[PDB]
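Below is one structure, written out as structure tokens, with a few remarks after it.
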Amino acid sequence: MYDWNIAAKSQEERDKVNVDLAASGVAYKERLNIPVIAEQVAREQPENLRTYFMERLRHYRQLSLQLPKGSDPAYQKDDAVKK
Numbered sequence: 001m002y003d004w005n006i007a008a009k010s011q012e013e014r015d016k017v018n019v020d021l022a023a024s025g026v027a028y029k030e031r032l033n034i035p036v037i038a039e040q041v042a043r044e045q046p047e048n049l050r051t052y053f054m055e056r057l058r059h060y061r062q063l064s065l066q067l068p069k070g071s072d073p074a075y076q077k078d079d080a081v082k083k
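Under the deposited numbering, residues 1 to 83 are what the sequence shown spells out, in order.
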């Protein structure tokens, strides 16, 4: 699907988000089922925001488990059966 955050005009804005979406594709896609390419963001990941990407990344992990199908043990329903 290529880039999508083209709405970012400023430099500081596009860089932080480019690395933000990067952290998403890498984990969010492999965990749940988000349709994106991990290496696609790997070639556009600004080392200048390597810190931010990790912040969102670590966060994405927390939701990786909470998120829908793909990897969720505690996503049971009615507290009766787990699925």
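Don't be surprised by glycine CBs; every beta carbon is placed ideally from N, CA and C.
Compare the C-alpha of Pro46 against each of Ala8, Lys16 and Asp79 and name the closest.
One-based indexing of the sequence shown puts residue 46 at position 46. Out of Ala8, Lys16 and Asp79, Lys16 has the C-alpha closest to the C-alpha of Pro46.
Quick check: what's the CA-CA separation for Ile37 versus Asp72?
Position 37 of the sequence shown, counting from 1, holds the residue named residue 37. Position 72 of the sequence shown, counting from 1, holds the residue named residue 72. CA-CA distance, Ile37 to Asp72, rounds to 22 Å.
Beta-bridge partners of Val81, as assigned by DSSP
Walking along the sequence shown from the start, residue 81 turns up at place 81. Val81 has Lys77 as its beta-bridge partners, per DSSP.
Take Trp4 and list the residues in its own chain whose beta-carbon comes closer than 8 Å to its own, dropping the five residues that flank it on each side.
Counted from its first residue, the sequence shown places residue 4 at position 4. Residues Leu21 of the same chain have their beta carbon placed closer than 8 Å to that of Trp4, with the five preceding and five following residues left out of the count.
Taking its Cβ as the centre, do 16 or more other Cβ atoms sit within 10 Å of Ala7, making it buried, or is it exposed?
For the purposes of this step, residue 7 is taken as the residue at position 7 of the sequence shown. Answer is exposed; the Cβ neighbour count stays below 16.
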